[PDB]
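Read the structure below first, then the notes.
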Protein chains: 2
Amino acid sequence: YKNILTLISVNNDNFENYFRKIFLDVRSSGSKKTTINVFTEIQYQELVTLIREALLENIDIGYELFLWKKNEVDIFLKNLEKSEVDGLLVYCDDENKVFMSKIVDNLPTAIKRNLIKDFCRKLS
Amino acid sequence: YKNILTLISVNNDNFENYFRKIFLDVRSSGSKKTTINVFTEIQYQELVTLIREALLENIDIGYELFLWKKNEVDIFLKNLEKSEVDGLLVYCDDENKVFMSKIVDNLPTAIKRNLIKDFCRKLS
């Protein structure tokens with residue numbers, strides 16, 4: 001893998017712990033790059049403040065962060081038409097599982113097929 | 001919200017799909033009215049023909065439709081001074097993103113602060 005599509009939707013208090021996991025999984029995939037899409041209502045600056053440590057430990061990872069409000073999933077999906085990702089990582093917590101599951105269900109066939117890890121749908 | 005200001009600039013082949021989005025967003029806003037401003041070179045009757053289905057499906061929504069050639073944006077902005085709007089919806093495709101982005105930048109502060117959905121600027 002060389003370009004991982006990472007999707008995440010969790011409550012604010014789970015961002016730091018989940019992001020450290022995201023980077024560990026991206027590292028394990030062999031990829032040096034990942035485009036991280038966060039489905040949340042908070043602002044970019046607030047997110048970065050929460051995940052300061054996760055980002056600090058992964059300065060050498062080629063990542064880009066994109067935040068999407070709940071009504072912007074269609075923009076995210078449209079933009080995927082121009083993506084070149086070859087691997088997919090999915091993350092969520094219980095409060096956002098149903099929502100994330102719907103996003104996953106609508107991913108382009110070729111992208112959905114490249115699911116590497118799903119730390120979301122099977123969570124209790 | 002009582003009267004949503006809807007701005008849209010897309011190629012003719014995108015009107016049907018985008019107007020479907022417009023009403024989904026207007027309905028969710030809680031408003032039963034919207035003043036739609038279309039920046040296009042197409043004529044009123046041709047547009048109404050293209051979006052006939054969208055208009056029929058959303059008969060309960062009250063709306064006003066104004067078409068502006070790109071060179072008439074100044075009239076739109078002047079008339080906006082007298083329009084009582086409280087929410088904002090923005091739509092465009094890649095071919096019109098630079099254009100629409102500029103218009104949004106010039107809207108009154110109070111209007112930009114009530115942006116409900118922007119299917120335009122975040123498009124890649």
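Chain labels A, B, ... are given in the sequence in which chains occur in the structure tokens; within each chain residues are numbered consecutively from 1, and ligands are likewise numbered from 1 in the order shown.
The protein and nucleic acid residues lying at most 6 Å from region 92-94 of chain B are residues 8, 9, 10 and 120 of chain B, with only C-alpha atoms considered and sequence neighbours fewer than 4 positions away removed.
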For N, CA, C and O atoms, I'd like the residues from the last selection saved as a compact mmCIF listing (two decimals), in the first residue's frame.
```txt
# COMPACT_ATOMS: atom_id res chain seq x y z
N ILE B 8 -26.52 29.23 -6.70
CA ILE B 8 -26.04 28.10 -7.47
C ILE B 8 -25.47 28.50 -8.82
O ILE B 8 -26.02 29.35 -9.52
N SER B 9 -24.34 27.88 -9.16
CA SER B 9 -23.70 28.11 -10.44
C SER B 9 -23.12 26.77 -10.89
O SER B 9 -22.12 26.30 -10.35
N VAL B 10 -23.79 26.16 -11.86
CA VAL B 10 -23.36 24.87 -12.39
C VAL B 10 -23.61 24.83 -13.89
O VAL B 10 -24.33 25.67 -14.43
N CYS B 120 -19.66 23.10 -2.69
CA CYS B 120 -18.91 23.87 -3.66
C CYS B 120 -17.43 24.03 -3.34
O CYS B 120 -16.58 23.40 -3.96
```
Per DSSP on the backbone, what are the helix (DSSP H, G or I) residues of region 27-112 of chain B, as a ChimeraX atom specification?
/B:27-29,44-50,52-57,70-80,94-105,109-112
Take the residues from that selection and put them in a file with C-alpha atoms, as a PDB file, in the first residue's frame.
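Wrote it out as selection_20.pdb, contents follow:
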```pdb
ATOM      1  CA  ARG B  27     -36.488  21.235   3.868  1.00  0.00           C
ATOM      2  CA  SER B  28     -33.949  20.288   6.552  1.00  0.00           C
ATOM      3  CA  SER B  29     -33.325  23.960   7.383  1.00  0.00           C
ATOM      4  CA  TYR B  44     -35.784  30.925 -17.427  1.00  0.00           C
ATOM      5  CA  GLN B  45     -38.166  28.673 -19.363  1.00  0.00           C
ATOM      6  CA  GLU B  46     -35.433  26.199 -20.293  1.00  0.00           C
ATOM      7  CA  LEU B  47     -34.297  25.963 -16.676  1.00  0.00           C
ATOM      8  CA  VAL B  48     -37.824  25.474 -15.347  1.00  0.00           C
ATOM      9  CA  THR B  49     -38.219  22.691 -17.899  1.00  0.00           C
ATOM     10  CA  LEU B  50     -35.056  20.954 -16.679  1.00  0.00           C
ATOM     11  CA  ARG B  52     -39.719  20.593 -13.442  1.00  0.00           C
ATOM     12  CA  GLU B  53     -39.578  17.344 -11.452  1.00  0.00           C
ATOM     13  CA  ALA B  54     -37.722  18.963  -8.559  1.00  0.00           C
ATOM     14  CA  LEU B  55     -40.275  21.774  -8.431  1.00  0.00           C
ATOM     15  CA  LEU B  56     -43.200  19.332  -8.476  1.00  0.00           C
ATOM     16  CA  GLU B  57     -41.730  17.127  -5.744  1.00  0.00           C
ATOM     17  CA  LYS B  70     -22.105  36.260 -14.721  1.00  0.00           C
ATOM     18  CA  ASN B  71     -21.885  39.922 -15.752  1.00  0.00           C
ATOM     19  CA  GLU B  72     -25.036  40.701 -13.744  1.00  0.00           C
ATOM     20  CA  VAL B  73     -23.652  39.655 -10.365  1.00  0.00           C
ATOM     21  CA  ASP B  74     -23.595  43.329  -9.399  1.00  0.00           C
ATOM     22  CA  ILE B  75     -27.389  43.560  -9.776  1.00  0.00           C
ATOM     23  CA  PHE B  76     -27.779  40.442  -7.637  1.00  0.00           C
ATOM     24  CA  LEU B  77     -25.623  41.917  -4.877  1.00  0.00           C
ATOM     25  CA  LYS B  78     -27.452  45.254  -4.994  1.00  0.00           C
ATOM     26  CA  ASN B  79     -30.883  43.613  -4.855  1.00  0.00           C
ATOM     27  CA  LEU B  80     -29.653  41.495  -1.941  1.00  0.00           C
ATOM     28  CA  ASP B  94     -15.632  22.602 -10.570  1.00  0.00           C
ATOM     29  CA  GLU B  95     -16.115  24.727 -13.686  1.00  0.00           C
ATOM     30  CA  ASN B  96     -17.778  27.420 -11.570  1.00  0.00           C
ATOM     31  CA  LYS B  97     -15.993  27.057  -8.224  1.00  0.00           C
ATOM     32  CA  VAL B  98     -13.697  30.073  -8.648  1.00  0.00           C
ATOM     33  CA  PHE B  99     -16.676  32.187  -9.691  1.00  0.00           C
ATOM     34  CA  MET B 100     -18.982  31.078  -6.876  1.00  0.00           C
ATOM     35  CA  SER B 101     -16.204  31.288  -4.280  1.00  0.00           C
ATOM     36  CA  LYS B 102     -15.673  34.953  -5.141  1.00  0.00           C
ATOM     37  CA  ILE B 103     -19.389  35.732  -4.837  1.00  0.00           C
ATOM     38  CA  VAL B 104     -19.524  34.069  -1.418  1.00  0.00           C
ATOM     39  CA  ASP B 105     -16.532  36.128  -0.273  1.00  0.00           C
ATOM     40  CA  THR B 109     -21.044  39.037   7.035  1.00  0.00           C
ATOM     41  CA  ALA B 110     -24.359  38.080   8.656  1.00  0.00           C
ATOM     42  CA  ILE B 111     -25.304  35.932   5.666  1.00  0.00           C
ATOM     43  CA  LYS B 112     -22.006  34.057   5.445  1.00  0.00           C
TER      44      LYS B 112
END
```
Hey, list the chain B side of the contact with chain A: 9 Å cut-off, only C-alpha atoms, answer as a PyMOL selection string.
chain B and resi 25+117-120+122-124
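All C-alpha atoms of chain A, paired in order with those of chain B and fitted by least squares, deviate by an RMSD of 0.6 Å.
Here the strand (DSSP E or B) residues in region 6-87 of chain B, by DSSP on the backbone, are residues 6, 7, 8, 9, 33, 34, 35, 36, 37, 38, 39, 62, 63, 64, 65, 66, 67, 68 and 87 of chain B.
Taking CA of residue 21 (chain B) and CA of residue 40 (chain B) as the two end points, the separation is 17.7 Å.
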When you count only C-alpha atoms, which of these residues is closest to residue 116 (chain A): A:60, A:89, A:12, A:43?
A:89
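Taking CA of residue 13 (chain A) as the reference point, CA of residue 62 (chain A) is found at 24.5 Å.
Minimum atom-to-atom distances from A:121, A:2, A:64, A:35 to residue 91 (chain A) were compared using only C-alpha atoms, and the lowest value belongs to A:121.
CA of residue 106 (chain A) is found 22.9 Å from CA of residue 18 (chain A).
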If we count only C-alpha atoms, what is near residue 5 (chain A) at a cut-off of 8 Å, once residues fewer than 3 positions away on the same chain are taken out, given as a VMD selection string?
chain A and resid 34 to 37 85 to 89
